[PDB]
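how would this look folded up:
(one chain, ligands or ions: 6)
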Amino acid sequence: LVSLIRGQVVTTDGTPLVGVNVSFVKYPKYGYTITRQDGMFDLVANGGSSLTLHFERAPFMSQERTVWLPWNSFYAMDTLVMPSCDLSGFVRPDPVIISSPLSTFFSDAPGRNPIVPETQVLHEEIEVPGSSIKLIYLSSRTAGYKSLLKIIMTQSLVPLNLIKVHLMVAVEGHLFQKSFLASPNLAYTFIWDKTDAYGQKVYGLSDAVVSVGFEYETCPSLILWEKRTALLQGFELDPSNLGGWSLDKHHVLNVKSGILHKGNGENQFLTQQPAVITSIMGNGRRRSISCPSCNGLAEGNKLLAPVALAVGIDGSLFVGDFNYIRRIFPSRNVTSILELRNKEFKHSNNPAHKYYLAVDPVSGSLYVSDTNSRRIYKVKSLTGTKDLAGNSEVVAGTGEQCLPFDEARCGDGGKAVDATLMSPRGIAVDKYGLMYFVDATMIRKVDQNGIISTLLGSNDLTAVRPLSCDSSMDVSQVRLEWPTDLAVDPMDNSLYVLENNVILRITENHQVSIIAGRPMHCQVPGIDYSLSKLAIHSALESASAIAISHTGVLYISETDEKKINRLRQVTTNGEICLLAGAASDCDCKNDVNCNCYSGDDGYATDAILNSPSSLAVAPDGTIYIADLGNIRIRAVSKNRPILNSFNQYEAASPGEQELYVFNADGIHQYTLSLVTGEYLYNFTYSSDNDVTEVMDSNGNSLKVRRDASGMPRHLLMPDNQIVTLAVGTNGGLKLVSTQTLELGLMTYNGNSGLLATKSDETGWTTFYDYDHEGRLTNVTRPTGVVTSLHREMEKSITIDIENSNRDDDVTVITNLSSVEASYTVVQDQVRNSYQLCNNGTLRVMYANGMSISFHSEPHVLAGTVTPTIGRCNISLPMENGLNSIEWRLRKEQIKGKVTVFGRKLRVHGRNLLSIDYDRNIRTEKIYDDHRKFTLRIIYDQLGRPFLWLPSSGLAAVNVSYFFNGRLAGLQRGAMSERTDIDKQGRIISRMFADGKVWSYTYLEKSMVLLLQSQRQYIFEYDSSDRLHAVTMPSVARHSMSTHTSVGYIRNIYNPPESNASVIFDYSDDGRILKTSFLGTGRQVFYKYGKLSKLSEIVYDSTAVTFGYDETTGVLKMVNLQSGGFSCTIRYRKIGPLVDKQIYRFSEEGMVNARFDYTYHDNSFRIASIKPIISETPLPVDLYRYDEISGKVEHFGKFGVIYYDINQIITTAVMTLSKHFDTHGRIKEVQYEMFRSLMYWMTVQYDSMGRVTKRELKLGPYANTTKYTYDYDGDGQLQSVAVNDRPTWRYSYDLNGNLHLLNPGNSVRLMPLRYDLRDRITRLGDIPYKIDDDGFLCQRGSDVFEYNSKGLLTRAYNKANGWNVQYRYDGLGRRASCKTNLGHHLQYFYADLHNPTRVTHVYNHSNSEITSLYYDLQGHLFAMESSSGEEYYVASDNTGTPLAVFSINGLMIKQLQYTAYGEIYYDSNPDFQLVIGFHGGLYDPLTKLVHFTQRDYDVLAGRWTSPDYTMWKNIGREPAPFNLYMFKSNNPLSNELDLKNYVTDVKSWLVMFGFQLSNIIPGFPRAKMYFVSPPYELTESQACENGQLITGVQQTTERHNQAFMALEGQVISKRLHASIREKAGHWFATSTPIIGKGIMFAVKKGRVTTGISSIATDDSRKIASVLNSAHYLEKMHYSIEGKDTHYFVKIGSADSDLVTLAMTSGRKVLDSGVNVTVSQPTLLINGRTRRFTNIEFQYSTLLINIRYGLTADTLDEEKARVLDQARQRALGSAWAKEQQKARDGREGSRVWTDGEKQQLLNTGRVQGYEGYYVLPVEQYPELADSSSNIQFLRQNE
Ligand SMILES: *[C@@H]1O[C@H](CO)[C@@H](O[C@@H]2O[C@H](CO)[C@@H](O[C@@H]3O[C@H](CO[C@H]4O[C@H](CO)[C@@H](O)[C@H](O[C@H]5O[C@H](CO)[C@@H](O)[C@H](O)[C@@H]5O)[C@@H]4O)[C@@H](O)[C@H](O[C@H]4O[C@H](CO)[C@@H](O)[C@H](O)[C@@H]4O[C@H]4O[C@H](CO)[C@@H](O)[C@H](O)[C@@H]4O[C@H]4O[C@H](CO)[C@@H](O)[C@H](O)[C@@H]4O)[C@@H]3O)[C@H](O)[C@H]2NC(C)=O)[C@H](O)[C@H]1NC(C)=O
Ligand SMILES: *[C@@H]1O[C@H](CO)[C@@H](O[C@@H]2O[C@H](CO)[C@@H](O)[C@H](O)[C@H]2NC(C)=O)[C@H](O)[C@H]1NC(C)=O
Ligand SMILES: *[C@@H]1O[C@H](CO)[C@@H](O[C@@H]2O[C@H](CO)[C@@H](O)[C@H](O)[C@H]2NC(C)=O)[C@H](O)[C@H]1NC(C)=O
Ligand SMILES: *[C@@H]1O[C@H](CO)[C@@H](O[C@@H]2O[C@H](CO)[C@@H](O)[C@H](O)[C@H]2NC(C)=O)[C@H](O)[C@H]1NC(C)=O
Ligand SMILES: *[C@@H]1O[C@H](CO)[C@@H](O)[C@H](O)[C@H]1NC(C)=O
Ligand SMILES: *[C@@H]1O[C@H](CO)[C@@H](O)[C@H](O)[C@H]1NC(C)=O
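Residues are numbered from 1 along each chain as shown. Ligands and ions are numbered 1, 2, ... in the order given. The protein structure is shown below:
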């Protein structure tokens, strides 16, 4: 094409000349330029060919300079200044060039984590109301984000004579020059502003030319130069033009650089993807020698034998097609230009008849050199004349072969035409027009005059020295053995020789050196470290051809003709890698049944070549291969989108299942579904190509209302809502707002475009700091938390990530090479490795020992432009640990259009599942390979799934949509739930299939949910749709608030007319830190360690530690320590899988346990469990599975049969048959023993899935009992009839409290009483007591002791004389139960998939172990004793045991329960059953059923504690609720949820018994929990999963998720409006003390504040006072409900009092913040002190500052706050102890009658004092905790 030249002309000193006439003459093209004051010359010339330039000046010598021009680039010419010394064996410069990585990383959740560590990028977002389209900010899409180039020119060792080092950097016309002095480890970092020489923005990717010169003391005039190329990222295109922000769905394609810039922040550098191979000439068949119809199109045109290739100055490819020389024009047409009369059809593949081509860059002359004719020819006419046989002229040679020892030296010194040649081989023509050629074993020159000479002069055997491995010697010392190909480097102007599998370089200074290949001089032990990526250390296997690109890249052809047929690439850095040609399993030359032609229109590295003979590099950088064996010319091109028949470009995202359509200019037209082919988004533009409308598939249009210049004004949302956009004078988006909400408020750093601040409606301001390079260095939050990023750019780029509040330091190390980008994420000694290879492979090597390898293939629909993960190879650290998953993609085309898109999932060559989409009928067929499962998903005209048609006669699921595409209703047979919406899109009605209607009324931020029973719930909201208050039907108002605190976000819930606050403290990343119950003082502290995983849980006097392995990072230990008692759980793992679980106890009587696990070969499936309880080995339980479905076929002694969705559990003795209805609900259970029916149950449901009828037969001879259930207007259980006779009646409060029941078997109707907080107070005559935290305290004479974690530690009754104590493990599970009546049991959890499931019970009274066996629904069905006894359990639809049968099929126990779980009949009370009502642990003493997180009272029919986490989502999903009610007062039916409407393939598969989790490693296992497990338990399972801190970790996750995706499209199953959710913010935000626009940072306990433009004057006053203060770390407490934080200031308060404009008292600011100035006098440990005290307070948040002058000020305040907290802890502990004595309850210590009386009268006991159990020195957070205090006398 066309190139641009730019250079400077200077004098001797360095002054630019004001008058130089720069001239150039080439073909008919003429031109000249005259330099100005700057001394710069700018010229336009044709690229590729060599151009000579003349310079004219008056008092200076007129000089000429010839240069090799790049094809279509901006050439920066060397500076012009207006020979005796010889450097041989001197050290050449070997620079290490490190470029800043490409911005390929982005965030999956910019709202959760905006930090991209590796590229130091800020990825932010703004959610807008009325649309799912977001506004995205990416800090790399700015002017401030510069391109870096670290050039390490010297190492630790400097050559002795080196004095000066010179540097040159050439980027887009710019020429940077700098001189340095010789120093060890000398480096310079070049910064590019992404502009050209004219100050214009450069888009995409650019090439930099780095030149390093070495000046020696021996010769100061000459400098040893070395040229290297580097890739620099330019400006990213801005598609949306919204003040530096983009629309989430709006993309742009850079057509020139081949980059897909997605609006969501995702950048796809398409040219950096695997290279593509295509056939440009030939059809694999030979043409006739006469060449008939050889003049036409190149593609498919028959060849004979392509032996030579050369690219002309025109861009034409000259083909040495044996007999004829054919020219391929840029128009892709072929014309024969020369016929060689000495070529015969027989000698086509003969090496003796092989000739070589070369193009002269001065004049486009083509030179031919035939080895057989012993001459060199020049083609006369390159257009081809009539007589083609005589279109050549002799350049060199007469035709006769001269003898090796010629006297006249084969005509040297004279004319080339008259001279004689030995055997001419490879030819190359220099920049100056000098012709070079290989003549037998030497290199000969043919100059401009026509005189022949010898460069590498042979026969001088005396001066010849063997080839030096490291140093470079002169031409005279070099001897050549079998040289073939020759080429000139268009960047160096050096000559490259291919000689006996070694490539050598001849510089312009006649210096020879090895560039590629390993000679026998230093073969072994030449290199001790062996394998390396360098070309010098890699041996060449039968090399045949060489080619050099204009960027100095060397390509080497290697052909063995048998199996080795490949093309390798050698980059400027000296690294060698495979470019094309896979290793063929078949012999191409010997084997007759062989095809060595494949891979065309696919990836080059996968393709199989056959005998490559010649290479040539095209103007665009594509490599041409003379594939002689396949009679074709093949092209290895950069991966690029191709213009289709419609003049459009197509790119795709397989992960999002989207296809993007762009016009010829790369402007985004449409987004279609990659599966469905239906339009998802349509983009319309203005005349200036500015985006004005985004129209989705549903008809929702988001209009961008613009100005005539394209300036954005506002967004017109699909609901006709206006979102105001205010762009600043710097061009940056300043404000995003609605008529009520301020969605975003942004400031920028000058005109760089770098986001300085970003605020939301809550007033939360985040501050961003960058370095001079525009890389993110700090992120400061209003919590005072700072995230810091530090870069160290060396041979490897290291980024250090630190947080001010945590010790979780993360470091990312990046090593970029020719083959791969290598990443290492380090957390202490735990190292995770990631490798992103050029072939498209992503390899993860986890610290745990497991490795995952994702492999890319071209997409079947989108082509080579989009690689897809079609293979996944997993490796576990074990004997048979290799696993493999495969996705096989297919297509069906009718009339050139896609009809069917098929995907098949395979494991070890077997089909598991097939997901096929038929575009004609709009159906998605999901089917099994063995006729077991079939599901059809029907899509509507808008491309939305609306109907799910399953097999086995199951009820179909169908959905309704509103006009805007939002889900309107769901239906599954007779069951349906519909909604109606406002004009505002708010739900106004909710209709159920039973006729139940809920109304939703909206009145000024308040919502009123009314039921037909006239029960009313009022939800009061914020502008941000977060709850302020909830009024219950009882008219009791619950209140909530959220506020930014110091180091966390505090969420407060206040019960009605109470100050007993329930607080949930969350970190900035959304992790729980503290759970507080201010009513009694209950606290749970959560700590996170160096691996960013849970490290400690502290509550009361109990400390739970989580130990991780120093190297693997896996959870090794969980240790609970509560004084003397210790409970330790230890794990051993095979990668992330548990293979050993140990239980250890410190207690005297308690027994230990061990569980050994084995896994099935080549899987993640558990094969066996071997238990050892109390050093007594138990029998091994074997697990057998179906390899196609993951179905458990055998477990222990039980066998499982699957038919449709029904299951049969069999043994030689028993058969348990479970029958399910069309809705997947249990309809019949049939338990048979010895071919006789022992138990049968039938369940019948109403339209809504409520149990209406249950028939039960308990025993083979017992009668059948019929139970009928009736529900009230709200679906609450009203009555229960036994054989059509009313037996039970239930009634409820307006709040849903059960206030009337028939207890047990009684006819009597008993009333239940409640308080305003819904806490029970009475059950008939029996009084109940619930504490201020909401926990069960007393039931008449029964006393209950619940700890801070909400676990029952002790329960007793002094009157009835019974006492029960419980012990728990570190994961919150009940470990033991011990009574004063002899009972002592221990519980174990051996099931890895169900960690809350009690699998084994150790009984201390008989020393026997009971093994519990559960069915596929989780219900108990069998038991096995270590004594040899076997029991068979009959369980109901809720998993409640109703009957037990002996080993001989005899009913030994029969239970009858009420609807709420109270036992009224027991045939054998002495037979103790561990599992009770609803599958929990039933206690006959307490009458409670224990589930790991909550306890259930069977007498009251409610939970013993509230689930305060309900408050988190009740605002988003408003519904009738009660904190204590059991299953919405429907205890026999499965809880009603939207999950009952099966709208996803994985959920349909689960129903059919399929367990994809067992066959697809990593696939999510379906959760089988009634009660949600505690945080630490779910965390202990998920901690083995890969972290997501860095960008490479997030890239890996995208690969994992895209591989596990089943359906082509998934619906958003939500019948509620989408709410903008913040991390750790649950409720309506309280006004912050740290105002909007104020920066607040707490680094190592030191406070620093900053101010932005938007900050108010009163907010700046608080900032000024808080600056330079010292925060009392870990010493912040909840005092009288207040979130009090302590600070100290060393100096006088005078300066700060002037700022506050006050002297003393209280002042109220504009925000409402209270400022109190006082001078208190404190008495701490007998020491009196008076100081100034400034207090800042808003609602519960309180910030206190103490002023001092001494250095001990911080230490004195620490001693003051701890003593005050000690007084609070002691005051509370003694009060609680006195209350225990008053109530008649058992105290913490055993007191005598005198001690007890002293406590009752005074409040304290003489000689006794409260001491900390957990030391306050290590646990300062427990300083005010009364539950951490123990009363002891001085005897200890
Ligand atoms: C942890 O370990 C603990 C052990 O350290 C463990 O506690 C022990 O648990 C077992 C099993 O539950 C207890 O044994 C039971 O004892 C029952 C009490 O009966 C006593 O009183 C009677 C007087 O009224 C005596 O006649 C009777 O004597 C019999 O037992 C003696 C053994 O001590 C023996 O030497 C005698 O020869 C004599 O046979 C005894 O002293 C007892 O009732 C009970 O038996 C029933 O249950 C067995 C299964 O558990 C059946 O195999 C057996 O056939 C019995 O069933 C019948 O009775 C039930 C209840 O009435 C009915 O539900 C049945 O349908 C059935 O009824 C039919 O048959 C009757 C005639 O047999 C007839 O009258 C009916 O009309 C009907 O036709 C069992 O042996 C043991 O005492 C506990 N030990 C201690 C120290 O606590 C604890 O459970 C473990 N915990 C966990 C969680 O695992
Ligand atoms: C699911 O499909 C059924 C059809 O099988 C839809 O039911 C129809 O609903 C209309 C009212 O909208 C009634 O007039 C028809 O009589 C119903 N058809 C029959 C015979 O079932 C139903 O609306 C769909 N459900 C949802 C929520 O999309
Ligand atoms: C909830 O309110 C009660 C009553 O206002 C507070 O209890 C009082 O606290 C003061 C100071 O500690 C004592 O002098 C009183 O004797 C207490 N009254 C009684 C009878 O308890 C209580 O501290 C408040 N709690 C919270 C969480 O703010
Ligand atoms: C600023 O301080 C005043 C006074 O301490 C707070 O007002 C008191 O609020 C309580 C509880 O709402 C009332 O019982 C008192 O009667 C109020 N006293 C006065 C004199 O107003 C006020 O709430 C504080 N401001 C904020 C936003 O926390
Ligand atoms: C290329 O060759 C075809 C014959 O195969 C001919 O029809 C066409 O006109 C040619 N085009 C050019 C570039 O002259
Ligand atoms: C920002 O981070 C760097 C990390 O090298 C640190 O040196 C610096 O003190 C930080 N500054 C702020 C704003 O805390």
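
residues contacting residue 177?
Neighbour list for residue 177: 79, 166-168 [criterion: Cβ atoms under 8 Å, 6 or more residues apart in numbering]. Yep, even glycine has a C-beta here, placed from its N, CA and C like the rest.

let's see 7 Å
By Cβ atoms under 7 Å, 6 or more residues apart in numbering, the contact set of residue 177 is 79, 168.

and it, what element?
strand 174-181 (DSSP states H and E).

List the strands paired with whichever helix or strand comes after that strand, with their directions.
Next helix or strand after strand 174-181 toward the C-terminus (DSSP H and E): strand 187-192. Its sheet considered, strand 187-192 pairs with strand 147-152 (antiparallel) by DSSP bridges.

What is the helix or strand that the partner strand is followed by packed up against?
Note on strand 147-152: by DSSP H and E, the next helix or strand toward the C-terminus is strand 162-171. Applying 3 or more Cβ pairs under 7 Å, 6 or more residues apart in numbering; DSSP states H and E, one finds that strand 162-171 makes contact with strand 174-181, strand 187-192, strand 205-216.

Show me what the helix or strand containing residue 958 is packed against.
Residue 958 belongs to strand 957-961 when assigned by DSSP H and E. Helices and strands touching strand 957-961, as assessed by 3+ Cβ pairs under 7 Å, 6+ apart, comprise strand 945-950, strand 967-972.

what separates stretch 1237-1255 from the chain centre, distance-wise?
46 Å (Cα atoms, centre = their mean, to the nearest Å).

Can it be said to contact ligand 2?
No. Using Cβ under 6 Å from any ligand atom, no contact is recorded between stretch 1237-1255 and ligand 2, whose separation bottoms out at 13.0 Å.

Alpha carbons only: can I get that stretch in PDB?
Coordinates of each C-alpha in stretch 1237-1255 appear next as PDB, following Å, rounded to 0.1, in the frame of the first residue of the first chain:
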ATOM      1  CA  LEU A1237     -46.500 -54.900  52.900                       C
ATOM      2  CA  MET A1238     -45.200 -53.300  56.100                       C
ATOM      3  CA  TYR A1239     -46.200 -49.600  55.400                       C
ATOM      4  CA  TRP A1240     -48.000 -47.600  52.700                       C
ATOM      5  CA  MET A1241     -48.900 -43.900  52.500                       C
ATOM      6  CA  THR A1242     -50.900 -41.900  49.900                       C
ATOM      7  CA  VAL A1243     -50.700 -38.100  49.700                       C
ATOM      8  CA  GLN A1244     -53.300 -36.000  47.800                       C
ATOM      9  CA  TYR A1245     -52.800 -32.200  47.100                       C
ATOM     10  CA  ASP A1246     -55.000 -29.200  46.200                       C
ATOM     11  CA  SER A1247     -54.400 -26.900  43.200                       C
ATOM     12  CA  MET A1248     -51.700 -25.000  45.100                       C
ATOM     13  CA  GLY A1249     -49.700 -28.100  46.200                       C
ATOM     14  CA  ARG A1250     -51.200 -28.200  49.800                       C
ATOM     15  CA  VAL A1251     -51.600 -31.600  51.400                       C
ATOM     16  CA  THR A1252     -55.400 -32.200  51.600                       C
ATOM     17  CA  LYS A1253     -55.500 -36.000  52.200                       C
ATOM     18  CA  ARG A1254     -53.100 -38.600  53.700                       C
ATOM     19  CA  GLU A1255     -53.900 -42.300  54.100                       C
END
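
Show residues contacting it.
Here stretch 1237-1255 has contacts from 974-975, 992-994, 1223, 1225-1232, 1256-1260, 1264, 1266-1269, 1271, 1275, 1434, 1436-1437, 1443, 1445, 1449, 1530, 1532-1534, 1536, 1540, using Cβ under 7 Å, 6+ apart.

What strands line up against the strand holding residue 177, and which way round?
strand 162-171 (antiparallel).

Can you give me the neighbour number for the residue in the stretch 1551-1700 of the chain that ligand 3 sits nearest to?
In the stretch 1551-1700 of the chain, no residue comes nearer to ligand 3 than residue 1681, which is 3.2 Å away by Cβ to the nearest ligand atom. Neighbourhood size, residue 1681 [other Cβ atoms under 10 Å]: 16.

ok, the nearest residue to residue 456 once chain neighbours are set aside - contacts?
Nearest residue to residue 456, sequence neighbours excluded (Cβ to Cβ, 6 or more residues apart in numbering): residue 443, at 4.2 Å. Contacts for residue 443 were tallied using Cβ under 7 Å, 6+ apart; they are 436, 455-456, 497.

just the buried members of these?
436, 456, 497 (16 or more other Cβ atoms under 10 Å).

what residues does the longest strand anywhere in the chain touch?
Looking across the chain with DSSP state E, the single longest strand is strand 219-233. By Cβ under 7 Å, 6+ apart, the list of residues contacting strand 219-233 from outside reads 85, 87, 90, 92-93, 95, 97, 99, 102-103, 147, 149, 166, 171, 192, 205-215, 491-492, 551-552, 572-573.

Next up, phi/psi of the residue in the stretch 1051-1200 of the chain positioned nearest to ligand 6, please.
The minimum distance from the stretch 1051-1200 of the chain to ligand 6, using Cβ to the nearest ligand atom, falls at residue 1068 (15.2 Å). With angles defined as degrees, to the nearest 10, residue 1068 sits at phi -60, psi -30.

Quick check: it touching residue 1622?
No. At 10.2 Å, residue 1068 does not count as touching residue 1622 under the criterion of Cβ atoms under 7 Å.

More neighbours: those two, which one.
Ranked by neighbour count (other Cβ under 10 Å), residue 1068 and residue 1622 place residue 1068 first, with 23 against 19.

what sits against the more buried one?
Applying Cβ under 7 Å, 6+ apart to residue 1068 gives the contacts 781, 783, 785, 1623.

same question, residue 1487
Residue 1487 neighbours (Cβ under 7 Å, 6+ apart): 1497-1499.

related to what we said a few turns ago, what subset of the contacts of strand 219-233 is buried?
Buried among these by 16+ other Cβ under 10 Å: 87, 90, 92-93, 95, 97, 99, 102-103, 147, 149, 166, 171, 192, 205-215, 491-492, 551-552, 572-573.

returning to that earlier point: of the helices and strands packed on strand 162-171, which is nearest ligand 6?
Among the helices and strands packed on strand 162-171, strand 187-192 sits nearest to ligand 6 (Cβ to the nearest ligand atom), with 16.7 Å.

just the buried members of the contacts of stretch 1237-1255?
Here, 16+ other Cβ under 10 Å leaves 975, 992-993, 1223, 1225-1227, 1229-1232, 1256-1260, 1267-1269, 1271, 1275, 1434, 1436-1437, 1443, 1445, 1449, 1530, 1532-1534, 1536, 1540 buried among the contacts of stretch 1237-1255.
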